[PDB]
$ cat start-v4.txt   # compact mmCIF, C-alpha atoms and all ligand atoms
# COMPACT_ATOMS: atom_id res chain seq x y z
CA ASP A 3 -37.24 -34.99 -106.88
CA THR A 4 -35.04 -32.99 -109.27
CA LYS A 5 -31.31 -32.44 -109.34
CA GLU A 6 -31.83 -28.83 -108.27
CA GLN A 7 -33.87 -29.91 -105.22
CA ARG A 8 -31.17 -32.43 -104.40
CA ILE A 9 -28.49 -29.64 -104.54
CA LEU A 10 -30.54 -27.43 -102.20
CA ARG A 11 -31.09 -30.22 -99.72
CA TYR A 12 -27.41 -31.10 -99.78
CA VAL A 13 -26.54 -27.45 -98.97
CA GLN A 14 -29.12 -27.32 -96.16
CA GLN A 15 -27.60 -30.47 -94.65
CA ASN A 16 -23.88 -29.82 -95.27
CA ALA A 17 -23.36 -26.08 -94.96
CA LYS A 18 -23.75 -23.59 -92.07
CA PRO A 19 -26.76 -21.26 -92.23
CA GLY A 20 -25.63 -17.74 -92.76
CA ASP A 21 -22.21 -18.75 -94.11
CA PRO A 22 -22.01 -18.13 -97.89
CA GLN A 23 -18.61 -19.71 -98.29
CA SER A 24 -19.90 -22.97 -96.81
CA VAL A 25 -22.80 -22.86 -99.21
CA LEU A 26 -20.47 -22.53 -102.25
CA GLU A 27 -18.28 -25.29 -100.95
CA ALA A 28 -21.23 -27.61 -100.44
CA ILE A 29 -22.51 -26.98 -103.97
CA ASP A 30 -19.12 -27.52 -105.49
CA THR A 31 -18.66 -30.78 -103.55
CA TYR A 32 -22.05 -32.10 -104.56
CA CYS A 33 -21.46 -31.24 -108.22
CA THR A 34 -18.01 -32.75 -108.28
CA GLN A 35 -18.90 -35.95 -106.38
CA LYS A 36 -22.60 -36.61 -107.07
CA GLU A 37 -24.19 -34.85 -110.03
CA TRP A 38 -22.88 -32.23 -112.44
CA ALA A 39 -24.81 -29.03 -112.73
CA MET A 40 -24.48 -25.78 -114.68
CA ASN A 41 -23.31 -23.59 -111.80
CA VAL A 42 -20.46 -21.24 -112.74
CA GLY A 43 -18.24 -23.33 -110.46
CA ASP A 44 -15.11 -22.62 -108.53
CA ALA A 45 -12.64 -22.13 -111.40
CA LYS A 46 -14.60 -19.46 -113.16
CA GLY A 47 -15.98 -18.36 -109.80
CA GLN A 48 -12.53 -17.30 -108.68
CA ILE A 49 -12.29 -15.04 -111.71
CA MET A 50 -15.72 -13.62 -110.97
CA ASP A 51 -14.62 -12.91 -107.39
CA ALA A 52 -11.51 -11.05 -108.63
CA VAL A 53 -13.70 -8.91 -110.95
CA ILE A 54 -16.27 -8.12 -108.20
CA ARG A 55 -13.53 -7.11 -105.87
CA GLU A 56 -11.94 -4.86 -108.46
CA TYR A 57 -15.13 -2.94 -109.26
CA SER A 58 -17.08 -3.14 -105.96
CA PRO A 59 -20.38 -2.64 -107.89
CA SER A 60 -23.28 -1.08 -106.02
CA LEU A 61 -25.92 -2.58 -108.32
CA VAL A 62 -25.44 -5.85 -110.23
CA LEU A 63 -27.92 -7.52 -112.64
CA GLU A 64 -27.64 -11.26 -113.21
CA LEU A 65 -29.40 -12.90 -116.13
CA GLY A 66 -29.90 -16.61 -115.31
CA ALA A 67 -29.97 -17.46 -111.59
CA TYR A 68 -30.35 -21.29 -111.87
CA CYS A 69 -29.85 -22.49 -108.24
CA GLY A 70 -28.30 -19.28 -106.96
CA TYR A 71 -24.64 -20.29 -106.96
CA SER A 72 -23.41 -17.21 -108.75
CA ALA A 73 -25.85 -14.99 -106.82
CA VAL A 74 -24.34 -16.30 -103.50
CA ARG A 75 -20.88 -15.88 -104.96
CA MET A 76 -21.37 -12.26 -106.01
CA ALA A 77 -23.62 -11.17 -103.15
CA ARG A 78 -21.21 -12.34 -100.46
CA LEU A 79 -18.62 -9.89 -101.81
CA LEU A 80 -20.90 -6.87 -102.12
CA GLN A 81 -20.39 -3.92 -99.78
CA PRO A 82 -23.03 -2.99 -97.24
CA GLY A 83 -26.04 -1.51 -99.01
CA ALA A 84 -25.09 -2.84 -102.45
CA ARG A 85 -27.61 -4.96 -104.30
CA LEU A 86 -28.02 -7.75 -106.77
CA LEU A 87 -31.05 -8.31 -108.98
CA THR A 88 -31.24 -11.74 -110.58
CA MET A 89 -33.68 -12.85 -113.32
CA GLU A 90 -34.82 -16.47 -113.67
CA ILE A 91 -37.48 -17.67 -116.08
CA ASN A 92 -37.94 -21.14 -114.55
CA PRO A 93 -40.20 -20.85 -111.51
CA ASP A 94 -38.86 -24.02 -109.85
CA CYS A 95 -35.32 -22.63 -110.13
CA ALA A 96 -36.43 -19.20 -108.91
CA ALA A 97 -37.76 -20.86 -105.78
CA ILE A 98 -34.55 -22.89 -105.30
CA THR A 99 -32.48 -19.73 -105.73
CA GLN A 100 -34.59 -17.86 -103.15
CA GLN A 101 -34.22 -20.70 -100.66
CA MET A 102 -30.49 -20.86 -101.33
CA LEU A 103 -30.11 -17.14 -100.68
CA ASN A 104 -32.21 -17.39 -97.56
CA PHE A 105 -30.04 -20.20 -96.23
CA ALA A 106 -26.88 -18.22 -97.00
CA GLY A 107 -28.28 -15.20 -95.16
CA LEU A 108 -28.01 -13.02 -98.27
CA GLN A 109 -31.72 -12.44 -98.89
CA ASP A 110 -31.54 -8.72 -97.91
CA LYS A 111 -28.98 -8.10 -100.64
CA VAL A 112 -30.58 -9.96 -103.48
CA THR A 113 -33.89 -9.75 -105.34
CA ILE A 114 -34.74 -12.82 -107.38
CA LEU A 115 -37.21 -12.03 -110.09
CA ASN A 116 -39.13 -14.85 -111.70
CA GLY A 117 -39.66 -13.95 -115.35
CA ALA A 118 -37.95 -13.62 -118.80
CA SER A 119 -35.10 -11.11 -119.02
CA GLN A 120 -36.51 -9.48 -122.18
CA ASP A 121 -39.82 -8.79 -120.34
CA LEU A 122 -38.26 -7.64 -117.05
CA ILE A 123 -35.38 -5.51 -118.38
CA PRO A 124 -37.80 -2.80 -119.71
CA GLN A 125 -39.42 -2.63 -116.25
CA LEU A 126 -36.22 -2.01 -114.25
CA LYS A 127 -36.30 1.76 -114.31
CA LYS A 128 -39.90 2.40 -113.46
CA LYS A 129 -40.85 -0.69 -111.42
CA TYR A 130 -37.51 -1.46 -109.68
CA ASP A 131 -36.24 2.17 -109.52
CA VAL A 132 -32.99 1.40 -111.28
CA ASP A 133 -31.03 4.27 -112.87
CA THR A 134 -28.05 2.48 -114.40
CA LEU A 135 -26.32 -0.79 -113.72
CA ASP A 136 -22.72 -1.12 -112.47
CA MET A 137 -22.30 -4.69 -113.59
CA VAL A 138 -24.20 -7.33 -115.53
CA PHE A 139 -23.51 -11.07 -115.31
CA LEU A 140 -24.79 -12.97 -118.36
CA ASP A 141 -25.47 -16.63 -117.75
CA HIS A 142 -28.88 -17.40 -119.32
CA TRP A 143 -29.59 -18.91 -122.69
CA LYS A 144 -26.53 -18.29 -124.86
CA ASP A 145 -28.51 -16.96 -127.79
CA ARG A 146 -29.96 -14.28 -125.56
CA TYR A 147 -26.64 -12.65 -124.55
CA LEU A 148 -26.56 -10.38 -127.59
CA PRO A 149 -30.23 -9.43 -127.80
CA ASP A 150 -30.35 -8.63 -124.10
CA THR A 151 -27.12 -6.55 -124.22
CA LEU A 152 -28.70 -4.50 -127.01
CA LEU A 153 -31.93 -4.20 -125.00
CA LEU A 154 -30.05 -3.00 -121.91
CA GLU A 155 -28.47 -0.28 -124.00
CA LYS A 156 -31.83 0.70 -125.59
CA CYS A 157 -33.41 0.98 -122.15
CA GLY A 158 -30.67 3.34 -120.91
CA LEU A 159 -29.41 0.90 -118.29
CA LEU A 160 -25.72 1.00 -119.26
CA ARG A 161 -23.36 3.82 -118.30
CA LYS A 162 -19.69 4.53 -119.12
CA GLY A 163 -17.82 1.84 -117.25
CA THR A 164 -20.68 -0.68 -116.84
CA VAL A 165 -19.00 -4.09 -116.65
CA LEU A 166 -20.58 -6.92 -118.60
CA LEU A 167 -19.23 -10.34 -117.56
CA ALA A 168 -20.35 -13.28 -119.70
CA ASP A 169 -20.11 -16.93 -118.76
CA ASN A 170 -19.66 -19.77 -121.25
CA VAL A 171 -18.19 -17.84 -124.10
CA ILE A 172 -16.39 -21.01 -125.27
CA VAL A 173 -18.71 -23.85 -124.07
CA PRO A 174 -21.54 -23.84 -124.99
CA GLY A 175 -20.33 -20.66 -126.61
CA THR A 176 -21.95 -17.38 -127.53
CA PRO A 177 -20.49 -16.55 -130.94
CA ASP A 178 -22.68 -13.68 -131.98
CA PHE A 179 -22.26 -11.88 -128.65
CA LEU A 180 -18.48 -12.39 -128.64
CA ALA A 181 -18.05 -11.19 -132.22
CA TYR A 182 -20.22 -8.20 -131.55
CA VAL A 183 -18.59 -6.93 -128.39
CA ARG A 184 -15.09 -7.59 -129.69
CA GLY A 185 -15.90 -5.67 -132.87
CA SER A 186 -17.61 -2.73 -131.19
CA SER A 187 -16.01 0.58 -130.34
CA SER A 188 -18.53 0.79 -127.49
CA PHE A 189 -16.91 -2.07 -125.58
CA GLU A 190 -13.45 -2.76 -124.22
CA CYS A 191 -13.10 -6.55 -123.98
CA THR A 192 -10.94 -8.92 -122.02
CA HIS A 193 -10.97 -12.74 -122.23
CA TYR A 194 -10.36 -14.80 -119.09
CA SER A 195 -9.56 -18.39 -120.04
CA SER A 196 -10.73 -21.01 -117.59
CA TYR A 197 -12.53 -24.32 -117.37
CA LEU A 198 -16.08 -25.48 -117.60
CA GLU A 199 -17.51 -26.00 -114.18
CA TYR A 200 -16.50 -29.30 -112.61
CA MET A 201 -14.85 -30.51 -115.86
CA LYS A 202 -11.48 -30.65 -117.59
CA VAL A 203 -12.86 -28.75 -120.60
CA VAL A 204 -11.67 -25.24 -121.52
CA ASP A 205 -14.19 -22.46 -121.15
CA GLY A 206 -13.89 -18.76 -120.40
CA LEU A 207 -15.45 -15.54 -119.31
CA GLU A 208 -15.54 -12.37 -121.35
CA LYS A 209 -15.48 -8.99 -119.68
CA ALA A 210 -16.87 -6.21 -121.87
CA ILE A 211 -16.78 -2.70 -120.41
CA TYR A 212 -19.30 -0.31 -121.92
CA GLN A 213 -17.79 2.91 -123.24
CA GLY A 214 -20.93 4.89 -124.13
CA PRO A 215 -22.31 5.57 -127.66
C1 LIG A 301 -34.78 -15.39 -121.01
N1 LIG A 301 -34.35 -15.73 -119.67
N2 LIG A 301 -34.41 -14.85 -118.63
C2 LIG A 301 -33.94 -15.43 -117.53
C3 LIG A 301 -33.53 -16.78 -117.80
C4 LIG A 301 -32.99 -17.84 -117.07
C5 LIG A 301 -32.77 -19.05 -117.72
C6 LIG A 301 -32.24 -20.26 -116.94
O1 LIG A 301 -31.35 -19.82 -115.89
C7 LIG A 301 -31.57 -21.28 -117.84
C8 LIG A 301 -32.04 -22.57 -118.16
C9 LIG A 301 -31.32 -23.43 -118.99
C10 LIG A 301 -30.06 -23.04 -119.49
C11 LIG A 301 -29.61 -21.77 -119.15
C12 LIG A 301 -28.32 -21.22 -119.65
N3 LIG A 301 -27.12 -21.88 -119.18
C13 LIG A 301 -26.62 -22.87 -119.94
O2 LIG A 301 -27.22 -23.34 -120.94
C14 LIG A 301 -25.35 -23.46 -119.51
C15 LIG A 301 -24.99 -24.66 -120.08
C16 LIG A 301 -23.78 -25.26 -119.78
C17 LIG A 301 -23.40 -26.55 -120.38
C18 LIG A 301 -22.08 -26.82 -120.72
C19 LIG A 301 -21.68 -28.04 -121.29
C20 LIG A 301 -22.69 -28.97 -121.51
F1 LIG A 301 -22.33 -30.16 -122.03
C21 LIG A 301 -24.02 -28.73 -121.21
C22 LIG A 301 -24.39 -27.51 -120.65
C23 LIG A 301 -22.90 -24.62 -118.88
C24 LIG A 301 -23.29 -23.41 -118.30
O3 LIG A 301 -22.42 -22.79 -117.45
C25 LIG A 301 -24.51 -22.78 -118.63
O4 LIG A 301 -24.70 -21.59 -118.05
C26 LIG A 301 -30.33 -20.91 -118.33
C27 LIG A 301 -33.05 -19.18 -119.09
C28 LIG A 301 -33.56 -18.15 -119.85
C29 LIG A 301 -33.82 -16.94 -119.20
CL CL A 302 -24.55 -20.26 -111.18
CL CL A 303 -14.95 -25.86 -111.10
MG MG A 304 -22.97 -20.77 -117.20

$ encode --input "start-v4.txt" --output "structure tokens"
Amino acid sequence: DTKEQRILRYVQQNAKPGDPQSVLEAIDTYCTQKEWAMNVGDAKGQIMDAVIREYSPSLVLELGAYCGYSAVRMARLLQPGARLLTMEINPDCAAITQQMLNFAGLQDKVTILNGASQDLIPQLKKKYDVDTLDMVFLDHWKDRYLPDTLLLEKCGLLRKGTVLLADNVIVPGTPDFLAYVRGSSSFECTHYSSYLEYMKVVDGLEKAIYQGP
């Protein structure tokens, strides 16, 4: 099997169904003790939690589901009725993420879309009945952070106060995105220094709040 299948099985066998916290803990244990994986992890995850709690977003878009770690992490903190949409291009990972969400009992809160962000973003308004997004979590290919931020704006999906939160702004890094948002009058940016998941390597999140045109 694959690493991602092994992570899912480990959760199924070491967490409690319907208990998101147990699911996170199981993933973090597996990835610390058995096999590293590109989940956002607990260090950066704690920062994400603090941001979700601050903003209590009603509608979150995630770009880059992977195995569903961050989707579990965010969705468990959403208020009743709030929703997460997550985009994943890799069909095997989309299926893992769905199964992970199902195990966690969060499937009613989350919609996992299997496809490329640049193809799905233009469909959000008409096909998924989105007006504007409260928060966006960027965690897909690092060279897509900037193009997809610009596409979200073009498609009318950002409003005053939309929170963009970007993983991996140091490692692997997303230099064009970071330069752009930090140089733009349309964003108010904050850097949250942290560590790469499961590693003693500095990484960080960037929060960029959209201010309108
Ligand atoms: C277009 N589109 N639309 C939806 C969508 C979804 C995907 C996949 O979810 C996918 C697959 C492969 C890689 C990524 C990005 N993630 C990373 O590359 C990453 C790397 C590292 C790291 C760090 C140190 C290392 F040494 C090696 C890897 C640490 C991290 O936290 C990461 O997030 C995302 C891809 C394109 C997509
Ligand atoms: Cl993740
Ligand atoms: Cl960690
Ligand atoms: Mg990441």

$ closest_atom_pairs --input "start-v4.txt" --of "chain A" --to "ligand CL 303 (chain A)" --cutoff "8 Å" --atoms "only C-alpha atoms and all ligand atoms" --output "tab-separated table"
residue	atom	partner	partner_atom	distance
A:30	CA	A:CL303	CL	7.2
A:42	CA	A:CL303	CL	7.4
A:43	CA	A:CL303	CL	4.2
A:44	CA	A:CL303	CL	4.1
A:45	CA	A:CL303	CL	4.4
A:46	CA	A:CL303	CL	6.7
A:47	CA	A:CL303	CL	7.7
A:197	CA	A:CL303	CL	6.9
A:198	CA	A:CL303	CL	6.6
A:199	CA	A:CL303	CL	4.0
A:200	CA	A:CL303	CL	4.1
A:201	CA	A:CL303	CL	6.7

$ residues_near_ligand --input "start-v4.txt" --ligand "ligand LIG 301 (chain A)" --cutoff "6 Å" --atoms "all atoms listed in the file" --output "list in words"
residues 40, 41, 42, 65, 66, 67, 68, 89, 90, 91, 118, 119, 141, 142, 143, 170, 173 and 174 of chain A

$ closest_residue --input "start-v4.txt" --among "A:202, A:156, A:85, A:8" --to "residue 63 of chain A" --atoms "only C-alpha atoms"
A:85

$ closest_residue --input "start-v4.txt" --among "A:194, A:166, A:124, A:113" --to "residue 96 of chain A" --atoms "only C-alpha atoms"
A:113

$ atom_distance --input "start-v4.txt" --atom1 "atom CA of residue 69 of chain A" --atom2 "atom CA of residue 99 of chain A"
4.6 Å

$ closest_residue --input "start-v4.txt" --among "A:54, A:123, A:62, A:172" --to "ligand MG 304 (chain A)" --atoms "all atoms listed in the file"
A:172

$ residues_around --input "start-v4.txt" --residues "residue 132 of chain A" --least-positions-apart "6" --cutoff "12 Å" --atoms "only C-alpha atoms" --output "list in words"
residues 60, 61, 62, 63, 85, 86, 87, 122, 123, 124, 125, 126, 154, 157, 158, 159 and 160 of chain A

$ closest_residue --input "start-v4.txt" --among "A:19, A:83, A:70, A:185" --to "ligand CL 302 (chain A)" --atoms "all atoms listed in the file"
A:70

$ atom_distance --input "start-v4.txt" --atom1 "atom CA of residue 205 of chain A" --atom2 "atom CA of residue 72 of chain A"
16.3 Å

$ closest_residue --input "start-v4.txt" --among "A:167, A:137, A:79, A:210" --to "ligand MG 304 (chain A)" --atoms "only C-alpha atoms and all ligand atoms"
A:167

$ atom_distance --input "start-v4.txt" --atom1 "atom CA of residue 102 of chain A" --atom2 "atom CA of residue 127 of chain A"
26.7 Å

$ residues_around --input "start-v4.txt" --residues "residue 28 of chain A" --least-positions-apart "2" --cutoff "8 Å" --atoms "all atoms listed in the file" --output "MDAnalysis selection string"
chainID A and resid 12:13 16:17 24:26 30:32

$ residues_around --input "start-v4.txt" --residues "residue 108 of chain A" --least-positions-apart "2" --cutoff "8 Å" --atoms "all atoms listed in the file" --output "list in words"
residues 20, 22, 74, 77, 78, 103, 104, 105, 106, 110, 111 and 112 of chain A
